[PDB]
Every structure is written in structure tokens, then in C-alpha cells.
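Next up: the same protein chain in two forms, each one alone, written as C-alpha cells (structure 1, then structure 2).
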Structure 1
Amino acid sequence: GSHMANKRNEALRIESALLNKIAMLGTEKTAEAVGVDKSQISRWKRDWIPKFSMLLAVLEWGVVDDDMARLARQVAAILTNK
């Protein structure tokens, strides 16, 4: 048996993956590549990765048809003259 993916579990899955990628590369090495101090990469793990992770998880659900039709109408309105 299994349960379907849900957003909070996906956020946890993504946070784990992100933190592991930083650890495998190395915090100082990641800092050097990003262009901030290692103290920033270190602190971001606490201050931003949780937020970044929930945003990425929500984005995994994409756009449902109803919502896409609404966006298309809105954007088409902007791209229609007069």
C-alpha cells in the first residue's frame, strides 16, 4: 500500500535533497560558488531552505485546467488592443 504525495511531505523531501546537495558539495564550496560567505550558506539552511522548499513543493502541483484557462483569458486581455 501507499499514500499519495502531498505538499508538506514533498517540502520535507525537497528540503532533505537540497540540504544533502549542499553538504555533498560542502558549505564553504557552495558559498564560494554562490558568492556569499559560508556563514550565509550555513544560516540559509535554517532561515530560507524551509521556505524555498515549501515553495518548490507547491510548484510541483502545476496549474490545473480551470486556473490555466483563467490565466490565458487574463493574459489574452492584456494582449488585446483597444
Structure 2
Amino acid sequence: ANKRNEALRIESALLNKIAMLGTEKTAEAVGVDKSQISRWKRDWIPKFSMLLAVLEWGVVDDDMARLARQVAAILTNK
């Protein structure tokens, strides 16, 4: 349900940030030869992408956002 959808939520922001930076730089800025990394995404990012989801890494994120753009509400609105 949510521990799985929200894990994949992270598999996705993770893959996306590789993408952004460069599959290349995000791979020599962080070990793992071209061939190994990428087809590593296949099997090992999904795994510790659940992990983050397990730590609620979301609520903190989301809460750090809820509160953020909630205090940005005494600004938006008063």
C-alpha cells in the first residue's frame, strides 16, 4: 500500500536525480564503472529506495514541507 507506493516514490526521485546530474557524473562522482552502475539501478536502487520509505523519510520531507510552506502561510496570508 503506502510503504510500497512511497518507496517506489523514492525510487523515482532517485532515478530522476541521477538523470539530472548525469548518469555518468552520478557514477564517477560515486564509483561503479559505466557497465556495473546503470543495470545496478535495475536491481539495487529499488531495494534501498524502500528503505528510505521505511524511515518515513517522507513525513520528515513532507512535514519539513508541510510546516515549511505552512509558515510560508503567515507570509501568504497572515
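Only residues modelled in both forms are compared. The first residue in the sequence of structure 1 is number 1, and each one after it adds one. What we label the rigid core is the largest C-alpha set whose atoms superpose within 1.5 Å from one form to the other.
Colleague: Name the structure that is the form solved in complex with the DNA; the other one isn't.
Modeller: If we ask which form is the one solved in complex with the DNA, the answer is structure 1.
Colleague: Would you mind telling me which residue of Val58, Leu19, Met68, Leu25 shifts its Cα by 2 Å or more between structures 1 and 2 when the core is superposed?
Modeller: Among the listed residues, the outlier is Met68.
Colleague: Quote the shift of the Cα of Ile49 between structures 1 and 2 to one decimal place in Å, the two forms being superposed on the rigid core.
Modeller: Shift of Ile49 at C-alpha, rigid core superposed: 0.7 Å.
Colleague: Quote the shift of the Cα of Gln40 between structures 1 and 2 to one decimal place in Å, the two forms being superposed on the rigid core.
Modeller: Rounded to one decimal, the shift is 2.6 Å.
Colleague: Core superposed, what is the CA shift for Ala77 between structures 1 and 2, in angstrom?
Modeller: Rounded to one decimal, the shift is 45.1 Å.
Colleague: For residues common to both forms, which consecutive runs of 3 or more show C-alpha displacement of 2 Å or more between structures 1 and 2 upon rigid core superposition, listed in sequence order?
Modeller: Segments displaced between structures 1 and 2 after core fit: 38-41, 61-82.
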